[PDB]
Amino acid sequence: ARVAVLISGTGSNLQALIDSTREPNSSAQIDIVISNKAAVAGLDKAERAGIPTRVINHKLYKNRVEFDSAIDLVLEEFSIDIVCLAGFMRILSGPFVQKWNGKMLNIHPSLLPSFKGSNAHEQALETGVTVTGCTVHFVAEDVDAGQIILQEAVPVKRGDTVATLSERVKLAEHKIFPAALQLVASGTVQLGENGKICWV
């Protein structure tokens, strides 16, 4: 399966994805990395790995749909089958999400449906849960509401901050996101026509 990874920031999840695709038994290959921002740390990881990079600055396009089309064009250029959102902070338009429905994955630093949004760790600490985690899910039009593929629970220790908690959760992210990508790219896991998750 041909995979595109969309980034906006650091990209440690990108690196974990890259490493798992170098495995001989991997069903996925990362053929292109796309960042909506220029000169972010993810582009260098992709260039160090030997993966083509393209920058599509959304602050240089008419609106959402137009900018999504510029991404879609690059995905078609590299014949992409699967899209991975690795810290990609742009809400994707209706038609884009619908075209790549059941073919686009995202990592979220909480045990969904708990703590949807931009600051899951902050929410988790404010609420006072002792167990949080991370979720890999198919991207639906509604934010963080797509079908769940994999989840891993991560303990919250007393005195935790966003710095320490995210550090611990990211260790789980680096596990389940490559694992989920493999499940999808191998055809083991797919989006069911009923809407739900289908195994084989």
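From 1 onward, residues are counted along the sequence shown. Under this definition, the rigid core comprises the largest set of C-alpha atoms superposing within 1.5 Å between the forms.
Annotation: of the segments 177 to 185 and 9 to 17, 9 to 17 departs further from this form in 9 other deposited structures of this protein (C-alpha atoms, root mean square over structures and residues, core superposition). Taking the rigid core as the alignment reference, the C-alpha atoms of 116 to 124 lie farther on average from the displayed form in 9 other deposited structures of this protein than those of the other stretch among 116 to 124 and 73 to 81. In this entry, 48 to 56 has the higher mean Cα B-factor, the comparison being between 153 to 161 and 48 to 56. Stretch comparison (127 to 135 versus 39 to 47) by mean CA B-factor in the PDB entry places 39 to 47 on top.
Ranking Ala70, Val169, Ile30, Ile148 by Cα temperature factor from the entry places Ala70 first. The entry lists C-alpha B-factors for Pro24, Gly11, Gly187, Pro178, and the highest of these is at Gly11.
Among the modelled residues of its chain, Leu112 has a C-alpha B-factor that falls in the lowest third according to the deposited record.
Per the deposited record, the Cα B-factor of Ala120 falls in the lowest third when ranked against the other modelled residues of its chain. Per the deposited record, the Cα B-factor of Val200 falls in the highest third when ranked against the other modelled residues of its chain.
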